[PDB]
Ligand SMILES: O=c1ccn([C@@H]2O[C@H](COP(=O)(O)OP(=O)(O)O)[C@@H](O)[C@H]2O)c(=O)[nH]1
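Below you'll find only one chain, the form deposited without uridine-5'-diphosphate, shown as structure tokens.
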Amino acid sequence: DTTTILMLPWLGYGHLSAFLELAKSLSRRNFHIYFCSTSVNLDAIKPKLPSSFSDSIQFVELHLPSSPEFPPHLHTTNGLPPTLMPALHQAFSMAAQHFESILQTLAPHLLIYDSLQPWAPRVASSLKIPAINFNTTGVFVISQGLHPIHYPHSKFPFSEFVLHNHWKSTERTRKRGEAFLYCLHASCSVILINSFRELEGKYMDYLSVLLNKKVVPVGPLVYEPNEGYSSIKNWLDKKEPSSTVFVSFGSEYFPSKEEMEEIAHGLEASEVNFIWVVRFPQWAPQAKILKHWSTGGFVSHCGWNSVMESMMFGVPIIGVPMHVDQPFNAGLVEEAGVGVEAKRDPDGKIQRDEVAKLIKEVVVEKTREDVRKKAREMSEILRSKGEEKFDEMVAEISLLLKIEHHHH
């Protein structure tokens, strides 16, 4: 009979997008995919799965405990009030017993889990089902955290990047224990990750050594669009080449009113064209917008998907980080030469004028072209990479399932 994989993303839009792209490729390689998340997430990613995959990728609903005031359409981090974040983690924790009922019933041959379920590799070991880890974000930020663990004294070897730590609850108590999580099977001996070596080759090689694991890259996993655009195309089509920037901040961080005020001033002082329709706690075609001639700028919060999309498309990155991984991703962009970072002032807050200085210097004015060279060059290699992108991954999955075949 055919082979089956259960895919469990973390409950976030970026994770869902990454996991669906990996789910699609595994379908094309003659695997049966069990795509498992909550009903609200499955609905939000359902549009991106074409009707040709209906027999090879099934959506399997995970039930979080619901109540009239915390109902299922809130069982996701997308658009969720931050003060409800504790409940979502609690409700997710409690979904472990149902997830086990899913594994027992489906009896998959493999579990590919996101890096945020502590109970997913623990439940899969109980049923003797191999489970591989898939990280949807970059390796560069992970090696910065594991470097003091072994080398508190040595400087970070390959990078000269530094951070303000102005960013500086009990999650860390759980995070450090993963670093020391053991491994006596081939299922955890290799991890898949959403990056490509042209961007983070040294950091994958370094991370492979710290973790004692094989770091198999399967990135970048960017989703290409197939109205909204019709109205927006009018702006892009009319304006001359390279005169606009896009402002993206994501659906999980809602910038503070002062922060939005300081950022807004960067846009006005920069005297640049702008396309921004931000959200508030409870959409736009970002990919299509990044893929127009008029587009030569991206003022992004530097989430991994936004960083990957620009490098794939070729649009220079104006970075304004303000959350967990953004500053590192933003440091990596500048090191790579494919963008510039706006160094937020020695004060805690964002510098209103610092943002404005960079947008004009990069988009309206070709003051910095060293970056533009790097943006197009990077995008050429990404598109050049084709079906070999999943070659190394398929080989390890094949080998892993064969090893476990004897352990019975």
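Residue positions are given as counts along the sequence shown, with the first one as 1.
Form deposited with uridine-5'-diphosphate bound: not shown, discussed below.
Residues placing heavy atoms within 4.5 Å of uridine-5'-diphosphate in the deposited bound form fall in a single listed stretch, namely 298-306, out of 236-244, 298-306, 267-275, 331-339. Proximity of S187 to uridine-5'-diphosphate in the deposited bound form falls outside the 4.5 Å heavy atom cutoff. When uridine-5'-diphosphate is considered in the deposited bound form, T76 lies well away from it, no heavy atom lying within 4.5 Å. Contact check for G250: a heavy atom falls within 4.5 Å of uridine-5'-diphosphate in the deposited bound form. Among residues of the shown chain, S159 is not one whose heavy atoms approach uridine-5'-diphosphate to within 4.5 Å in the deposited bound form. Though uridine-5'-diphosphate is absent from this view, in the deposited bound form it lies within 4.5 Å of a heavy atom of just one residue from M260, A284, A95, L106, which is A284.
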